[PDB]
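Have a look at input_38.pdb below; it lists PDB, C-alpha atoms.
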ATOM      1  CA  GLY A  13     -83.353 -79.069 101.842  1.00  0.00           C
ATOM      2  CA  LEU A  14     -84.736 -77.899  98.487  1.00  0.00           C
ATOM      3  CA  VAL A  15     -86.683 -80.183  96.145  1.00  0.00           C
ATOM      4  CA  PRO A  16     -87.878 -79.748  92.537  1.00  0.00           C
ATOM      5  CA  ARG A  17     -91.571 -79.182  91.851  1.00  0.00           C
ATOM      6  CA  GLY A  18     -93.407 -79.204  88.543  1.00  0.00           C
ATOM      7  CA  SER A  19     -96.347 -77.134  87.301  1.00  0.00           C
ATOM      8  CA  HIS A  20     -99.778 -77.983  85.944  1.00  0.00           C
ATOM      9  CA  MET A  21    -102.150 -75.702  84.060  1.00  0.00           C
ATOM     10  CA  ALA A  22    -105.760 -74.827  84.776  1.00  0.00           C
ATOM     11  CA  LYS A  23    -108.108 -72.580  82.854  1.00  0.00           C
ATOM     12  CA  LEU A  24    -109.304 -69.310  84.293  1.00  0.00           C
ATOM     13  CA  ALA A  25    -113.028 -70.029  84.189  1.00  0.00           C
ATOM     14  CA  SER A  26    -114.736 -66.918  85.569  1.00  0.00           C
ATOM     15  CA  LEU A  27    -113.701 -63.416  86.592  1.00  0.00           C
ATOM     16  CA  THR A  28    -116.034 -61.726  89.081  1.00  0.00           C
ATOM     17  CA  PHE A  29    -115.887 -58.151  90.332  1.00  0.00           C
ATOM     18  CA  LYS A  30    -117.668 -56.920  93.454  1.00  0.00           C
ATOM     19  CA  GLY A  31    -118.165 -53.350  94.631  1.00  0.00           C
ATOM     20  CA  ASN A  32    -117.530 -51.778  91.195  1.00  0.00           C
ATOM     21  CA  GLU A  33    -120.589 -49.524  91.036  1.00  0.00           C
ATOM     22  CA  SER A  34    -119.202 -46.833  88.699  1.00  0.00           C
ATOM     23  CA  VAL A  35    -116.907 -48.809  86.345  1.00  0.00           C
ATOM     24  CA  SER A  36    -118.100 -51.834  84.402  1.00  0.00           C
ATOM     25  CA  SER A  37    -116.757 -55.327  84.956  1.00  0.00           C
ATOM     26  CA  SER A  38    -115.929 -55.532  81.243  1.00  0.00           C
ATOM     27  CA  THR A  39    -113.783 -52.388  81.417  1.00  0.00           C
ATOM     28  CA  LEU A  40    -111.929 -53.726  84.468  1.00  0.00           C
ATOM     29  CA  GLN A  41    -111.390 -57.120  82.840  1.00  0.00           C
ATOM     30  CA  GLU A  42    -109.929 -55.299  79.818  1.00  0.00           C
ATOM     31  CA  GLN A  43    -107.086 -53.957  81.993  1.00  0.00           C
ATOM     32  CA  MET A  44    -105.938 -57.516  82.747  1.00  0.00           C
ATOM     33  CA  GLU A  45    -103.664 -59.803  80.776  1.00  0.00           C
ATOM     34  CA  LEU A  46    -105.120 -62.839  82.577  1.00  0.00           C
ATOM     35  CA  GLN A  47    -108.432 -63.346  80.702  1.00  0.00           C
ATOM     36  CA  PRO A  48    -111.081 -66.079  81.048  1.00  0.00           C
ATOM     37  CA  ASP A  49    -110.160 -69.099  78.863  1.00  0.00           C
ATOM     38  CA  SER A  50    -106.424 -68.408  79.301  1.00  0.00           C
ATOM     39  CA  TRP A  51    -104.231 -70.874  81.154  1.00  0.00           C
ATOM     40  CA  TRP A  52    -103.037 -70.372  84.723  1.00  0.00           C
ATOM     41  CA  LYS A  53     -99.846 -72.051  85.894  1.00  0.00           C
ATOM     42  CA  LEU A  54    -100.183 -73.806  89.249  1.00  0.00           C
ATOM     43  CA  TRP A  55     -97.576 -75.521  91.417  1.00  0.00           C
ATOM     44  CA  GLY A  56     -99.279 -77.815  93.872  1.00  0.00           C
ATOM     45  CA  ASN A  57    -101.991 -75.650  95.404  1.00  0.00           C
ATOM     46  CA  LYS A  58     -99.970 -72.482  94.699  1.00  0.00           C
ATOM     47  CA  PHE A  59    -100.539 -70.063  91.854  1.00  0.00           C
ATOM     48  CA  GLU A  60     -98.218 -67.566  90.214  1.00  0.00           C
ATOM     49  CA  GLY A  61     -98.859 -64.287  91.964  1.00  0.00           C
ATOM     50  CA  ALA A  62     -96.549 -62.216  89.799  1.00  0.00           C
ATOM     51  CA  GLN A  63     -98.775 -61.710  86.759  1.00  0.00           C
ATOM     52  CA  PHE A  64    -101.943 -61.578  88.845  1.00  0.00           C
ATOM     53  CA  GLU A  65    -100.447 -58.743  90.906  1.00  0.00           C
ATOM     54  CA  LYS A  66     -99.607 -56.854  87.699  1.00  0.00           C
ATOM     55  CA  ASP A  67    -103.208 -57.357  86.611  1.00  0.00           C
ATOM     56  CA  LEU A  68    -104.407 -56.015  89.962  1.00  0.00           C
ATOM     57  CA  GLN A  69    -102.105 -53.015  89.484  1.00  0.00           C
ATOM     58  CA  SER A  70    -103.512 -52.346  86.005  1.00  0.00           C
ATOM     59  CA  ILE A  71    -106.967 -52.237  87.601  1.00  0.00           C
ATOM     60  CA  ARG A  72    -105.678 -49.763  90.181  1.00  0.00           C
ATOM     61  CA  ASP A  73    -103.977 -47.704  87.464  1.00  0.00           C
ATOM     62  CA  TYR A  74    -107.239 -47.480  85.512  1.00  0.00           C
ATOM     63  CA  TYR A  75    -109.153 -46.156  88.512  1.00  0.00           C
ATOM     64  CA  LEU A  76    -106.367 -43.694  89.344  1.00  0.00           C
ATOM     65  CA  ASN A  77    -106.201 -42.507  85.728  1.00  0.00           C
ATOM     66  CA  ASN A  78    -109.967 -41.833  85.691  1.00  0.00           C
ATOM     67  CA  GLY A  79    -110.397 -39.842  88.899  1.00  0.00           C
ATOM     68  CA  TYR A  80    -110.948 -42.604  91.482  1.00  0.00           C
ATOM     69  CA  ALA A  81    -107.978 -41.564  93.589  1.00  0.00           C
ATOM     70  CA  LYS A  82    -109.047 -43.566  96.679  1.00  0.00           C
ATOM     71  CA  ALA A  83    -109.880 -46.752  94.748  1.00  0.00           C
ATOM     72  CA  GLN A  84    -108.571 -49.900  96.423  1.00  0.00           C
ATOM     73  CA  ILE A  85    -108.600 -53.608  95.660  1.00  0.00           C
ATOM     74  CA  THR A  86    -110.235 -54.727  98.895  1.00  0.00           C
ATOM     75  CA  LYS A  87    -109.955 -58.502  98.573  1.00  0.00           C
ATOM     76  CA  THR A  88    -109.167 -61.250  96.083  1.00  0.00           C
ATOM     77  CA  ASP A  89    -110.196 -64.911  96.024  1.00  0.00           C
ATOM     78  CA  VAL A  90    -108.644 -67.555  93.749  1.00  0.00           C
ATOM     79  CA  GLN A  91    -110.632 -70.812  93.937  1.00  0.00           C
ATOM     80  CA  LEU A  92    -110.131 -74.170  92.230  1.00  0.00           C
ATOM     81  CA  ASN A  93    -112.594 -76.883  91.127  1.00  0.00           C
ATOM     82  CA  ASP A  94    -112.100 -80.092  93.183  1.00  0.00           C
ATOM     83  CA  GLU A  95    -110.962 -81.098  89.745  1.00  0.00           C
ATOM     84  CA  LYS A  96    -107.518 -79.581  89.257  1.00  0.00           C
ATOM     85  CA  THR A  97    -108.961 -77.822  86.196  1.00  0.00           C
ATOM     86  CA  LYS A  98    -110.561 -74.352  86.164  1.00  0.00           C
ATOM     87  CA  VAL A  99    -109.864 -71.554  88.659  1.00  0.00           C
ATOM     88  CA  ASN A 100    -112.486 -68.914  89.487  1.00  0.00           C
ATOM     89  CA  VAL A 101    -111.298 -65.451  90.556  1.00  0.00           C
ATOM     90  CA  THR A 102    -113.192 -62.854  92.590  1.00  0.00           C
ATOM     91  CA  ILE A 103    -111.974 -59.268  92.987  1.00  0.00           C
ATOM     92  CA  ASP A 104    -113.578 -56.838  95.448  1.00  0.00           C
ATOM     93  CA  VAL A 105    -113.045 -53.129  94.778  1.00  0.00           C
ATOM     94  CA  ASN A 106    -113.808 -50.038  96.835  1.00  0.00           C
ATOM     95  CA  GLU A 107    -114.103 -47.404  94.138  1.00  0.00           C
ATOM     96  CA  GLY A 108    -114.629 -44.303  96.231  1.00  0.00           C
ATOM     97  CA  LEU A 109    -115.436 -40.943  94.720  1.00  0.00           C
ATOM     98  CA  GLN A 110    -114.384 -39.557  91.344  1.00  0.00           C
ATOM     99  CA  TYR A 111    -112.225 -36.490  92.007  1.00  0.00           C
ATOM    100  CA  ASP A 112    -111.246 -33.391  90.080  1.00  0.00           C
ATOM    101  CA  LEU A 113    -107.739 -31.966  90.421  1.00  0.00           C
ATOM    102  CA  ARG A 114    -108.105 -28.506  91.956  1.00  0.00           C
ATOM    103  CA  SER A 115    -104.431 -27.591  92.370  1.00  0.00           C
ATOM    104  CA  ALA A 116    -100.820 -28.745  92.269  1.00  0.00           C
ATOM    105  CA  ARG A 117     -97.720 -27.420  94.027  1.00  0.00           C
ATOM    106  CA  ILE A 118     -94.002 -28.210  94.192  1.00  0.00           C
ATOM    107  CA  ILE A 119     -92.075 -28.198  97.473  1.00  0.00           C
ATOM    108  CA  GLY A 120     -88.822 -29.540  98.851  1.00  0.00           C
ATOM    109  CA  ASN A 121     -85.180 -29.390  97.806  1.00  0.00           C
ATOM    110  CA  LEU A 122     -85.296 -27.987  94.280  1.00  0.00           C
ATOM    111  CA  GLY A 123     -81.573 -27.740  93.469  1.00  0.00           C
ATOM    112  CA  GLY A 124     -81.926 -24.027  92.743  1.00  0.00           C
ATOM    113  CA  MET A 125     -84.389 -24.726  89.914  1.00  0.00           C
ATOM    114  CA  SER A 126     -87.570 -23.505  91.641  1.00  0.00           C
ATOM    115  CA  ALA A 127     -88.449 -21.089  88.825  1.00  0.00           C
ATOM    116  CA  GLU A 128     -87.658 -23.602  86.069  1.00  0.00           C
ATOM    117  CA  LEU A 129     -89.745 -26.375  87.686  1.00  0.00           C
ATOM    118  CA  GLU A 130     -92.881 -24.282  88.266  1.00  0.00           C
ATOM    119  CA  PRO A 131     -93.848 -24.007  84.553  1.00  0.00           C
ATOM    120  CA  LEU A 132     -93.981 -27.814  84.370  1.00  0.00           C
ATOM    121  CA  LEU A 133     -97.170 -27.762  86.465  1.00  0.00           C
ATOM    122  CA  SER A 134     -98.926 -26.179  83.459  1.00  0.00           C
ATOM    123  CA  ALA A 135     -99.268 -29.577  81.748  1.00  0.00           C
ATOM    124  CA  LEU A 136    -101.953 -30.420  84.332  1.00  0.00           C
ATOM    125  CA  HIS A 137    -105.668 -29.958  83.716  1.00  0.00           C
ATOM    126  CA  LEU A 138    -107.078 -28.149  86.726  1.00  0.00           C
ATOM    127  CA  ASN A 139    -110.762 -28.424  87.605  1.00  0.00           C
ATOM    128  CA  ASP A 140    -110.853 -31.561  85.459  1.00  0.00           C
ATOM    129  CA  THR A 141    -110.943 -35.256  86.337  1.00  0.00           C
ATOM    130  CA  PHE A 142    -107.872 -36.272  88.320  1.00  0.00           C
ATOM    131  CA  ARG A 143    -105.519 -38.375  86.185  1.00  0.00           C
ATOM    132  CA  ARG A 144    -102.601 -40.064  87.975  1.00  0.00           C
ATOM    133  CA  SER A 145    -100.704 -40.560  84.719  1.00  0.00           C
ATOM    134  CA  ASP A 146    -100.666 -36.784  84.171  1.00  0.00           C
ATOM    135  CA  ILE A 147     -99.013 -36.426  87.587  1.00  0.00           C
ATOM    136  CA  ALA A 148     -96.517 -39.173  86.757  1.00  0.00           C
ATOM    137  CA  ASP A 149     -95.578 -37.274  83.591  1.00  0.00           C
ATOM    138  CA  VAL A 150     -94.893 -34.109  85.598  1.00  0.00           C
ATOM    139  CA  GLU A 151     -92.789 -36.167  88.008  1.00  0.00           C
ATOM    140  CA  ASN A 152     -90.605 -37.414  85.151  1.00  0.00           C
ATOM    141  CA  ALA A 153     -90.327 -33.913  83.674  1.00  0.00           C
ATOM    142  CA  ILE A 154     -89.210 -32.639  87.083  1.00  0.00           C
ATOM    143  CA  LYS A 155     -86.552 -35.357  87.213  1.00  0.00           C
ATOM    144  CA  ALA A 156     -85.360 -34.573  83.686  1.00  0.00           C
ATOM    145  CA  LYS A 157     -85.146 -30.860  84.501  1.00  0.00           C
ATOM    146  CA  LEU A 158     -83.164 -31.411  87.691  1.00  0.00           C
ATOM    147  CA  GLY A 159     -81.002 -33.799  85.679  1.00  0.00           C
ATOM    148  CA  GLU A 160     -79.785 -30.843  83.614  1.00  0.00           C
ATOM    149  CA  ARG A 161     -77.787 -29.681  86.644  1.00  0.00           C
ATOM    150  CA  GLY A 162     -76.523 -33.084  87.787  1.00  0.00           C
ATOM    151  CA  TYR A 163     -79.321 -34.196  90.126  1.00  0.00           C
ATOM    152  CA  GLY A 164     -79.725 -37.527  88.354  1.00  0.00           C
ATOM    153  CA  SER A 165     -81.175 -39.288  91.414  1.00  0.00           C
ATOM    154  CA  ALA A 166     -83.870 -36.725  92.248  1.00  0.00           C
ATOM    155  CA  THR A 167     -87.008 -38.144  93.839  1.00  0.00           C
ATOM    156  CA  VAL A 168     -90.562 -36.854  93.526  1.00  0.00           C
ATOM    157  CA  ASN A 169     -93.475 -38.067  95.635  1.00  0.00           C
ATOM    158  CA  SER A 170     -97.084 -37.001  95.070  1.00  0.00           C
ATOM    159  CA  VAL A 171     -98.927 -36.292  98.322  1.00  0.00           C
ATOM    160  CA  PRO A 172    -102.744 -35.816  98.205  1.00  0.00           C
ATOM    161  CA  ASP A 173    -105.166 -33.575 100.085  1.00  0.00           C
ATOM    162  CA  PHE A 174    -108.751 -34.779  99.592  1.00  0.00           C
ATOM    163  CA  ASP A 175    -111.958 -32.724  99.710  1.00  0.00           C
ATOM    164  CA  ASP A 176    -114.684 -35.378  99.598  1.00  0.00           C
ATOM    165  CA  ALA A 177    -117.586 -32.928  99.973  1.00  0.00           C
ATOM    166  CA  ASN A 178    -116.672 -31.204  96.695  1.00  0.00           C
ATOM    167  CA  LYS A 179    -114.903 -34.200  95.124  1.00  0.00           C
ATOM    168  CA  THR A 180    -111.618 -32.386  94.571  1.00  0.00           C
ATOM    169  CA  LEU A 181    -108.042 -33.194  95.517  1.00  0.00           C
ATOM    170  CA  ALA A 182    -104.876 -31.120  95.867  1.00  0.00           C
ATOM    171  CA  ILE A 183    -101.493 -32.566  94.898  1.00  0.00           C
ATOM    172  CA  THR A 184     -98.239 -31.629  96.600  1.00  0.00           C
ATOM    173  CA  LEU A 185     -95.214 -32.943  94.713  1.00  0.00           C
ATOM    174  CA  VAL A 186     -92.479 -33.437  97.312  1.00  0.00           C
ATOM    175  CA  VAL A 187     -89.205 -33.076  95.409  1.00  0.00           C
ATOM    176  CA  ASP A 188     -85.761 -34.010  96.733  1.00  0.00           C
ATOM    177  CA  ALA A 189     -83.115 -33.189  94.130  1.00  0.00           C
ATOM    178  CA  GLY A 190     -80.553 -35.092  96.178  1.00  0.00           C
ATOM    179  CA  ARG A 191     -76.865 -34.835  95.373  1.00  0.00           C
ATOM    180  CA  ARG A 192     -75.204 -33.497  92.263  1.00  0.00           C
ATOM    181  CA  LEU A 193     -73.724 -36.539  90.575  1.00  0.00           C
ATOM    182  CA  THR A 194     -70.441 -36.988  88.725  1.00  0.00           C
ATOM    183  CA  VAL A 195     -70.255 -39.652  86.031  1.00  0.00           C
ATOM    184  CA  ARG A 196     -67.309 -41.973  86.619  1.00  0.00           C
ATOM    185  CA  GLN A 197     -67.739 -44.442  83.741  1.00  0.00           C
ATOM    186  CA  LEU A 198     -69.912 -44.725  80.651  1.00  0.00           C
ATOM    187  CA  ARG A 199     -70.571 -48.465  80.313  1.00  0.00           C
ATOM    188  CA  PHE A 200     -72.275 -50.384  77.500  1.00  0.00           C
ATOM    189  CA  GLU A 201     -74.226 -53.637  77.787  1.00  0.00           C
ATOM    190  CA  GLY A 202     -75.558 -55.792  74.961  1.00  0.00           C
ATOM    191  CA  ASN A 203     -73.027 -54.569  72.352  1.00  0.00           C
ATOM    192  CA  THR A 204     -71.277 -57.205  70.212  1.00  0.00           C
ATOM    193  CA  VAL A 205     -70.845 -55.362  66.892  1.00  0.00           C
ATOM    194  CA  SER A 206     -69.035 -52.257  68.145  1.00  0.00           C
ATOM    195  CA  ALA A 207     -66.470 -52.043  70.940  1.00  0.00           C
ATOM    196  CA  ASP A 208     -67.335 -50.162  74.116  1.00  0.00           C
ATOM    197  CA  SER A 209     -64.863 -47.417  73.185  1.00  0.00           C
ATOM    198  CA  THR A 210     -66.445 -47.116  69.733  1.00  0.00           C
ATOM    199  CA  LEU A 211     -69.898 -46.579  71.235  1.00  0.00           C
ATOM    200  CA  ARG A 212     -68.471 -44.319  73.954  1.00  0.00           C
ATOM    201  CA  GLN A 213     -67.287 -42.103  71.088  1.00  0.00           C
ATOM    202  CA  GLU A 214     -70.901 -41.487  70.028  1.00  0.00           C
ATOM    203  CA  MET A 215     -71.900 -40.295  73.511  1.00  0.00           C
ATOM    204  CA  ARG A 216     -72.079 -36.645  74.526  1.00  0.00           C
ATOM    205  CA  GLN A 217     -72.039 -37.238  78.263  1.00  0.00           C
ATOM    206  CA  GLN A 218     -68.363 -37.276  79.247  1.00  0.00           C
ATOM    207  CA  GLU A 219     -66.766 -39.311  82.008  1.00  0.00           C
ATOM    208  CA  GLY A 220     -65.295 -37.600  85.046  1.00  0.00           C
ATOM    209  CA  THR A 221     -67.701 -34.645  85.106  1.00  0.00           C
ATOM    210  CA  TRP A 222     -71.231 -33.740  86.094  1.00  0.00           C
ATOM    211  CA  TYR A 223     -74.149 -35.876  84.996  1.00  0.00           C
ATOM    212  CA  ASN A 224     -76.289 -33.995  82.475  1.00  0.00           C
ATOM    213  CA  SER A 225     -79.584 -35.698  81.619  1.00  0.00           C
ATOM    214  CA  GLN A 226     -79.711 -33.761  78.352  1.00  0.00           C
ATOM    215  CA  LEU A 227     -76.346 -35.084  77.142  1.00  0.00           C
ATOM    216  CA  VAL A 228     -77.182 -38.598  78.377  1.00  0.00           C
ATOM    217  CA  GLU A 229     -80.467 -38.575  76.452  1.00  0.00           C
ATOM    218  CA  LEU A 230     -78.680 -37.174  73.404  1.00  0.00           C
ATOM    219  CA  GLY A 231     -76.415 -40.237  73.324  1.00  0.00           C
ATOM    220  CA  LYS A 232     -79.426 -42.547  73.466  1.00  0.00           C
ATOM    221  CA  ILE A 233     -80.962 -40.587  70.589  1.00  0.00           C
ATOM    222  CA  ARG A 234     -77.758 -40.729  68.552  1.00  0.00           C
ATOM    223  CA  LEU A 235     -77.890 -44.522  68.917  1.00  0.00           C
ATOM    224  CA  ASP A 236     -81.645 -44.792  68.261  1.00  0.00           C
ATOM    225  CA  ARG A 237     -81.341 -42.889  64.983  1.00  0.00           C
ATOM    226  CA  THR A 238     -78.838 -45.285  63.369  1.00  0.00           C
ATOM    227  CA  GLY A 239     -81.444 -48.043  63.147  1.00  0.00           C
ATOM    228  CA  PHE A 240     -78.834 -50.617  64.242  1.00  0.00           C
ATOM    229  CA  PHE A 241     -80.665 -51.475  67.475  1.00  0.00           C
ATOM    230  CA  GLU A 242     -83.993 -52.911  68.494  1.00  0.00           C
ATOM    231  CA  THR A 243     -83.832 -51.083  71.843  1.00  0.00           C
ATOM    232  CA  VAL A 244     -81.596 -48.420  73.361  1.00  0.00           C
ATOM    233  CA  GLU A 245     -81.869 -47.683  77.078  1.00  0.00           C
ATOM    234  CA  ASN A 246     -79.755 -45.982  79.726  1.00  0.00           C
ATOM    235  CA  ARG A 247     -79.632 -46.085  83.516  1.00  0.00           C
ATOM    236  CA  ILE A 248     -77.697 -44.733  86.494  1.00  0.00           C
ATOM    237  CA  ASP A 249     -75.593 -47.321  88.357  1.00  0.00           C
ATOM    238  CA  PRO A 250     -74.717 -46.459  91.986  1.00  0.00           C
ATOM    239  CA  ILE A 251     -71.118 -46.957  93.106  1.00  0.00           C
ATOM    240  CA  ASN A 252     -70.653 -48.828  96.389  1.00  0.00           C
ATOM    241  CA  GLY A 253     -69.802 -46.360  99.144  1.00  0.00           C
ATOM    242  CA  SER A 254     -70.233 -43.226  97.039  1.00  0.00           C
ATOM    243  CA  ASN A 255     -73.049 -40.707  97.238  1.00  0.00           C
ATOM    244  CA  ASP A 256     -71.499 -38.342  94.667  1.00  0.00           C
ATOM    245  CA  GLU A 257     -70.318 -40.576  91.802  1.00  0.00           C
ATOM    246  CA  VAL A 258     -72.308 -42.856  89.493  1.00  0.00           C
ATOM    247  CA  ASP A 259     -71.781 -44.808  86.299  1.00  0.00           C
ATOM    248  CA  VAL A 260     -74.083 -44.358  83.298  1.00  0.00           C
ATOM    249  CA  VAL A 261     -74.922 -47.619  81.518  1.00  0.00           C
ATOM    250  CA  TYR A 262     -76.329 -47.802  77.974  1.00  0.00           C
ATOM    251  CA  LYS A 263     -78.157 -51.111  77.289  1.00  0.00           C
ATOM    252  CA  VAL A 264     -78.457 -51.872  73.543  1.00  0.00           C
ATOM    253  CA  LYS A 265     -80.243 -54.878  72.025  1.00  0.00           C
ATOM    254  CA  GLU A 266     -78.727 -55.575  68.608  1.00  0.00           C
TER     255      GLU A 266
END
Now that the file is in, can you turn its structure into structure tokens?
Amino acid sequence: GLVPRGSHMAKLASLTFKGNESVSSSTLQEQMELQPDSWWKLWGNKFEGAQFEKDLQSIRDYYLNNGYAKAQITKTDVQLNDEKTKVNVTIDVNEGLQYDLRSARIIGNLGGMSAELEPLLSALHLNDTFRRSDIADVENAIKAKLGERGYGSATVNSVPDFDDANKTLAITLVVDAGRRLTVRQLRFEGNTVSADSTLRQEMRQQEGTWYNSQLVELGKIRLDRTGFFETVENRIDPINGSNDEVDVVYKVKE
């Protein structure tokens, strides 16, 4: 069967990094929400892995945003005390080399937008330190561009080619525009003040026709500008057993 279990707290006593020759322990620790002297929730001899994993990902993101494209978290060790108070964490990193971005290319299924996607690669800083977050920004710009023509589910995947001798890397962005999508319904979540049909009236994406990322964004803007909402967000909802139709959902927090 299933049985209830309750949690106790223990303080994160020490944070130790191993293998980080080029980036300081203090800088790595700064990427983490879990800091020494903060409390760690334990259940029996189990710890919450969710936040720790996000902290490990922030460490990875830092390396990848500062040129260390092959950086890996090699091992982690969460140890207790005998006393159920104080955990001590050890994180091993393999930093690898710091790379410059030498080139970037787009390939794949481009939904007829090859010429309009190419100029987006200009945002990148060639012959400069590789920065993952710059690539991620190009990926989102590619998706927004393809969204103009209905390809609201386009995927982009960055594929590296490493030159360790010269400490450069080449990026191939593998794009799959996917299918042109038709919007079936515009749906609103979180709205109590105004009826769904009232909000729908402020949207510029229309139901029953092609998704257009520009008109979808414009609705989110038209809601943001009123000031009536803490957050405005939108997403694409797949429809069971369709590959060609989707719903667009606007999530407001009042």
Would you pick out the contacts of stretch 169-171 of chain A at 6 Å or less, using all atoms listed in the file, so that residues sharing its chain but fewer than 2 positions from it are not included, and give the list as an mmCIF file with C-alpha atoms, in the frame of the given file?
data_model
loop_
_atom_site.group_PDB
_atom_site.id
_atom_site.type_symbol
_atom_site.label_atom_id
_atom_site.label_comp_id
_atom_site.auth_asym_id
_atom_site.auth_seq_id
_atom_site.Cartn_x
_atom_site.Cartn_y
_atom_site.Cartn_z
ATOM 1 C CA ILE A 183 -101.493 -32.566 94.898
ATOM 2 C CA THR A 184 -98.239 -31.629 96.600
ATOM 3 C CA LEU A 185 -95.214 -32.943 94.713
ATOM 4 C CA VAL A 186 -92.479 -33.437 97.312
#
Output check: residues returned by the PyMOL selection byres ((chain A and resi 244) around 10), as an MDAnalysis selection string: chainID A and resid 202 231:236 240:243 245:246 262:266
Give me the residues within 12 Å of residue A:120 as a compact mmCIF listing (two decimals) with C-alpha atoms, keeping the file's coordinate frame, counting only C-alpha atoms and dropping any in the same chain fewer than 3 places off.
# COMPACT_ATOMS: atom_id res chain seq x y z
CA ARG A 117 -97.72 -27.42 94.03
CA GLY A 123 -81.57 -27.74 93.47
CA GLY A 124 -81.93 -24.03 92.74
CA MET A 125 -84.39 -24.73 89.91
CA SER A 126 -87.57 -23.50 91.64
CA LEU A 129 -89.74 -26.38 87.69
CA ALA A 166 -83.87 -36.72 92.25
CA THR A 167 -87.01 -38.14 93.84
CA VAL A 168 -90.56 -36.85 93.53
CA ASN A 169 -93.48 -38.07 95.64
CA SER A 170 -97.08 -37.00 95.07
CA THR A 184 -98.24 -31.63 96.60
CA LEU A 185 -95.21 -32.94 94.71
CA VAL A 186 -92.48 -33.44 97.31
CA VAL A 187 -89.20 -33.08 95.41
CA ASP A 188 -85.76 -34.01 96.73
CA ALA A 189 -83.12 -33.19 94.13
CA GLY A 190 -80.55 -35.09 96.18
Using the file's own x, y and z axes, so that the box edges lie along x, y and z, what centre and edge lengths in Å (one decimal) does a box around every listed atom of stretch 24-38 of chain A get when 4 Å is added on each side? Give it as AutoDock Vina command-line options.
--center_x -114.9 --center_y -58.4 --center_z 87.9 --size_x 19.3 --size_y 31.2 --size_z 21.4
Atomic separation - atom CA of residue A:43 relative to atom CA of residue A:177, Å: 29.6 Å
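Restricting the calculation to all atoms listed in the file, the smallest distance between residue A:55 and any of A:218, A:19, A:204, A:110 is found for A:19.
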Given the file above and the PyMOL selection byres ((chain A and resi 93) around 12), which residues are selected, and can you give them as number ranges by chain? A: 22-26, 57, 90-92, 94-101
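Using only C-alpha atoms, the smallest distance between any of A:86, A:209, A:194, A:38 and residue A:254 comes from A:194.
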Could you state which residues are captured by the PyMOL selection byres ((chain A and resi 173) around 10) in this file, as a PyMOL selection string? chain A and resi 115+171-172+174-176+180-184
Work out how far apart atom CA of residue A:87 and atom CA of residue A:103 are and give it in Å to one decimal. 6.0 Å
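With atom CA of residue A:201 on one side and atom CA of residue A:163 on the other, the separation reads 23.6 Å.
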Within 12 Å of (-90.8, -78.5, 92.0) (coordinates as in the file), grab all the protein and nucleic acid residues, counting all atoms listed in the file, and write them out as a PDB file with C-alpha atoms, in the frame of the given file.
ATOM      1  CA  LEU A  14     -84.736 -77.899  98.487  1.00  0.00           C
ATOM      2  CA  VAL A  15     -86.683 -80.183  96.145  1.00  0.00           C
ATOM      3  CA  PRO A  16     -87.878 -79.748  92.537  1.00  0.00           C
ATOM      4  CA  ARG A  17     -91.571 -79.182  91.851  1.00  0.00           C
ATOM      5  CA  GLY A  18     -93.407 -79.204  88.543  1.00  0.00           C
ATOM      6  CA  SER A  19     -96.347 -77.134  87.301  1.00  0.00           C
ATOM      7  CA  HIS A  20     -99.778 -77.983  85.944  1.00  0.00           C
ATOM      8  CA  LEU A  54    -100.183 -73.806  89.249  1.00  0.00           C
ATOM      9  CA  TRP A  55     -97.576 -75.521  91.417  1.00  0.00           C
ATOM     10  CA  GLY A  56     -99.279 -77.815  93.872  1.00  0.00           C
ATOM     11  CA  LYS A  58     -99.970 -72.482  94.699  1.00  0.00           C
TER      12      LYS A  58
END
Closest to residue A:179 among A:113, A:71, A:85, A:147, using all atoms listed in the file? A:113
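You can rank A:214, A:128, A:140, A:257 by their closest distance to residue A:112 using all atoms listed in the file, and at the top of that list sits A:140.
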Counting all atoms listed in the file, which of A:105, A:21, A:198, A:150 gets nearest to residue A:40?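 Counting all atoms listed in the file, the residue closest to residue A:40 is A:105.
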Find the residues around residue A:74 up to 12 Å (only C-alpha atoms counted), leave out those fewer than 6 positions away in its own chain, and share them as a list in words.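 The contact residues come out as residues 35, 36, 39, 40, 41, 42, 43, 44, 67, 68, 80, 81, 82, 83, 84, 85, 107, 142, 143, 144 and 145 of chain A.
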Select, from A:261, A:158, A:148, A:215, the residue with the minimum atom-to-atom distance to residue A:200, counting only C-alpha atoms.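 Using only C-alpha atoms, the shortest distance to residue A:200 belongs to A:261.
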